[PDB]
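Asker: Below is the file protein-v8.pdb, with PDB, C-alpha atoms.
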```pdb
ATOM      1  CA  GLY A   1      56.990 -25.590  72.394
ATOM      2  CA  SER A   2      59.179 -22.866  73.900
ATOM      3  CA  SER A   3      55.865 -21.416  75.088
ATOM      4  CA  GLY A   4      53.610 -20.563  72.083
ATOM      5  CA  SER A   5      50.908 -17.903  72.686
ATOM      6  CA  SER A   6      50.758 -17.522  76.490
ATOM      7  CA  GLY A   7      50.076 -13.808  76.948
ATOM      8  CA  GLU A   8      46.927 -11.815  76.126
ATOM      9  CA  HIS A   9      47.113 -10.557  72.526
ATOM     10  CA  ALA A  10      45.146 -12.234  69.683
ATOM     11  CA  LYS A  11      43.107  -9.579  67.797
ATOM     12  CA  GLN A  12      42.233  -9.243  64.097
ATOM     13  CA  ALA A  13      40.511  -5.839  64.075
ATOM     14  CA  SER A  14      40.382  -2.893  66.501
ATOM     15  CA  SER A  15      37.666  -1.475  68.802
ATOM     16  CA  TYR A  16      39.500   1.192  70.880
ATOM     17  CA  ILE A  17      39.682   3.919  68.136
ATOM     18  CA  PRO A  18      42.230   6.447  69.497
ATOM     19  CA  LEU A  19      40.258   9.711  69.419
ATOM     20  CA  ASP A  20      43.391  11.868  69.842
ATOM     21  CA  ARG A  21      45.255  10.106  66.970
ATOM     22  CA  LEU A  22      42.309  11.164  64.779
ATOM     23  CA  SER A  23      41.059  14.699  64.196
ATOM     24  CA  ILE A  24      37.693  15.647  65.744
ATOM     25  CA  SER A  25      35.390  18.472  64.770
ATOM     26  CA  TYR A  26      32.007  19.025  66.265
ATOM     27  CA  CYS A  27      29.711  21.186  64.164
ATOM     28  CA  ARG A  28      26.102  22.448  63.964
ATOM     29  CA  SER A  29      25.037  21.003  60.542
ATOM     30  CA  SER A  30      23.833  22.915  57.483
ATOM     31  CA  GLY A  31      21.360  21.160  55.109
ATOM     32  CA  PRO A  32      18.624  22.689  52.879
ATOM     33  CA  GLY A  33      15.944  19.977  53.258
ATOM     34  CA  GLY A  34      17.588  16.937  54.933
ATOM     35  CA  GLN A  35      16.721  15.855  58.496
ATOM     36  CA  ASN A  36      14.918  17.591  61.354
ATOM     37  CA  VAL A  37      17.820  19.491  63.042
ATOM     38  CA  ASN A  38      16.098  22.795  63.990
ATOM     39  CA  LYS A  39      18.447  24.052  66.741
ATOM     40  CA  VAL A  40      20.313  20.948  68.001
ATOM     41  CA  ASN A  41      23.812  22.130  67.012
ATOM     42  CA  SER A  42      25.648  18.859  67.919
ATOM     43  CA  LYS A  43      27.274  17.101  64.961
ATOM     44  CA  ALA A  44      30.429  14.971  65.089
ATOM     45  CA  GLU A  45      32.895  14.960  62.201
ATOM     46  CA  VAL A  46      36.141  12.977  62.299
ATOM     47  CA  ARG A  47      39.107  13.253  59.918
ATOM     48  CA  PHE A  48      42.256  11.064  59.794
ATOM     49  CA  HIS A  49      45.061  10.474  57.257
ATOM     50  CA  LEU A  50      44.207   6.851  56.544
ATOM     51  CA  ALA A  51      47.675   6.052  55.170
ATOM     52  CA  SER A  52      49.222   7.316  58.456
ATOM     53  CA  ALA A  53      46.858   5.076  60.515
ATOM     54  CA  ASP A  54      49.605   2.804  62.016
ATOM     55  CA  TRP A  55      46.669   1.476  64.167
ATOM     56  CA  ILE A  56      45.000  -0.027  61.011
ATOM     57  CA  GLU A  57      46.303  -3.158  59.268
ATOM     58  CA  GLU A  58      48.248  -2.728  56.016
ATOM     59  CA  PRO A  59      45.597  -4.639  53.927
ATOM     60  CA  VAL A  60      42.789  -2.606  55.588
ATOM     61  CA  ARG A  61      44.548   0.817  55.188
ATOM     62  CA  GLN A  62      44.632   0.446  51.405
ATOM     63  CA  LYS A  63      41.029  -0.911  51.496
ATOM     64  CA  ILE A  64      39.524   2.263  53.148
ATOM     65  CA  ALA A  65      41.654   4.280  50.651
ATOM     66  CA  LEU A  66      39.622   2.689  47.799
ATOM     67  CA  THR A  67      36.420   1.168  49.273
ATOM     68  CA  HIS A  68      35.655   4.293  51.348
ATOM     69  CA  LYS A  69      37.260   6.744  48.894
ATOM     70  CA  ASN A  70      33.920   8.596  48.814
ATOM     71  CA  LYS A  71      34.544   9.568  52.484
ATOM     72  CA  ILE A  72      38.113  10.661  51.575
ATOM     73  CA  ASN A  73      38.176  14.364  50.627
ATOM     74  CA  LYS A  74      40.979  13.820  47.973
ATOM     75  CA  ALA A  75      44.050  14.019  50.282
ATOM     76  CA  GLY A  76      43.663  10.409  51.501
ATOM     77  CA  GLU A  77      42.314  11.992  54.710
ATOM     78  CA  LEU A  78      39.112  10.028  55.409
ATOM     79  CA  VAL A  79      36.395  12.457  56.586
ATOM     80  CA  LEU A  80      32.937  11.321  57.736
ATOM     81  CA  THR A  81      30.190  12.740  59.946
ATOM     82  CA  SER A  82      27.544  11.038  62.089
ATOM     83  CA  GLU A  83      24.854  12.979  63.984
ATOM     84  CA  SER A  84      21.487  12.231  65.623
ATOM     85  CA  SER A  85      21.931  13.279  69.334
ATOM     86  CA  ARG A  86      22.276  16.314  71.644
ATOM     87  CA  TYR A  87      25.319  14.718  73.385
ATOM     88  CA  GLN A  88      28.978  15.196  72.382
ATOM     89  CA  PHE A  89      30.571  11.730  72.679
ATOM     90  CA  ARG A  90      27.320   9.981  71.486
ATOM     91  CA  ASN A  91      27.508  11.378  67.932
ATOM     92  CA  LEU A  92      31.301  10.956  67.968
ATOM     93  CA  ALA A  93      30.800   7.311  69.180
ATOM     94  CA  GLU A  94      28.795   6.576  65.994
ATOM     95  CA  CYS A  95      31.594   8.163  63.887
ATOM     96  CA  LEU A  96      34.021   5.706  65.520
ATOM     97  CA  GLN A  97      31.453   2.849  65.235
ATOM     98  CA  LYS A  98      31.445   3.295  61.446
ATOM     99  CA  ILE A  99      35.271   3.530  61.380
ATOM    100  CA  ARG A 100      35.345   0.102  63.159
ATOM    101  CA  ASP A 101      32.805  -1.407  60.731
ATOM    102  CA  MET A 102      34.651   0.147  57.734
ATOM    103  CA  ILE A 103      37.758  -1.652  59.098
ATOM    104  CA  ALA A 104      35.840  -4.923  59.682
ATOM    105  CA  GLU A 105      34.544  -5.000  56.075
ATOM    106  CA  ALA A 106      38.091  -4.276  54.856
ATOM    107  CA  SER A 107      39.655  -6.867  57.253
ATOM    108  CA  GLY A 108      37.413  -9.900  56.571
ATOM    109  CA  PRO A 109      33.782 -11.118  56.615
ATOM    110  CA  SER A 110      32.324 -12.427  59.882
ATOM    111  CA  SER A 111      28.504 -12.155  59.768
ATOM    112  CA  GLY A 112      26.616  -9.812  57.410
TER
END
```
Can you dump the structure from the file as structure tokens?
Answerer:
Amino acid sequence: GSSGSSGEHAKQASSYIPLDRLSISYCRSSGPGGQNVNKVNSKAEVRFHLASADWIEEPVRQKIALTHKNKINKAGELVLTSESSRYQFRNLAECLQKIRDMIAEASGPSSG
């Protein structure tokens, strides 16, 4: 062929997760009888307008809109929170880990 894939770009789903494209909020966590969380005030919350996620695939954007609607607040902004650690980026890393998995399950099956 006139070449034919000789470069370095063949990717279905993402892994990078652009923190600054998203919204971040740390927090302290309120809960009346949930987990342990006595004084460890290190929660990560992440918000993004899913429909504006040019970094997500078209078929996956509209998936998260529906299939993860329960994480959407109403506005089509997807909001979720993940906390278990004293560290900043560790809790935030789990937030982004779900976001990747939420994209995987919307993109195609693989193993699971």
Asker: Would you write out, as a PyMOL selection string, every residue that the PyMOL selection byres ((chain A and resi 24) around 8) captures in this file?
Answerer: chain A and resi 19-20+22-23+25-26+44-47
Asker: Taking (31.1, 16.1, 73.6) in the file's coordinates as the center, which residues reach within 9 Å of it, counting all atoms listed in the file, put as a PyMOL selection string?
Answerer: chain A and resi 26+42+44+87-92
Asker: A:96, A:111, A:102, A:86: which is nearest residue A:16, counting only C-alpha atoms?
Answerer: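 Of the candidates, the smallest distance to residue A:16 is held by A:96.
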Asker: Identify which of the residues A:40, A:95, A:17, A:72 lies closest to residue A:54, counting only C-alpha atoms when measuring atom-to-atom distances.
Answerer: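 Ranked by minimum distance to residue A:54, first place goes to A:17.
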Asker: Pick out the residues sitting within 7 Å of stretch 5-15 of chain A, and hand them over as a list in words; count only C-alpha atoms, and ignore anything fewer than 4 positions along from it in its own chain.
Answerer: residues 100, 104 and 107 of chain A
Asker: Export C-alpha atoms of the chosen residues as a short mmCIF file (atom, residue, chain, number, x, y, z; two decimals), in the frame of the given file?
Answerer:
```cif
data_model
loop_
_atom_site.label_atom_id
_atom_site.label_comp_id
_atom_site.auth_asym_id
_atom_site.auth_seq_id
_atom_site.Cartn_x
_atom_site.Cartn_y
_atom_site.Cartn_z
CA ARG A 100 35.34 0.10 63.16
CA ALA A 104 35.84 -4.92 59.68
CA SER A 107 39.66 -6.87 57.25
#
```
Asker: Within 12 Å of (35.9, -4.7, 54.4), in the coordinates the file gives, what residues turn up when you count all atoms listed in the file, written out as number ranges by chain?
Answerer: A: 13, 57, 59-68, 98-112
Asker: For this file, the PyMOL selection byres ((chain A and resi 76) around 8) selects which residues, as a PyMOL selection string?
Answerer: chain A and resi 49-51+65+69+72-75+77-78
Asker: Have a look at A:85, A:97, A:52, A:70 and name the one nearest to residue A:39; count all atoms listed in the file.
Answerer: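 Comparing A:85, A:97, A:52, A:70 against residue A:39, the winner is A:85.
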Asker: Expanded to explicit residues, what is the PyMOL selection byres ((chain A and resi 29) around 12) for this file, as number ranges by chain?
Answerer: A: 25-28, 30-45, 81-84
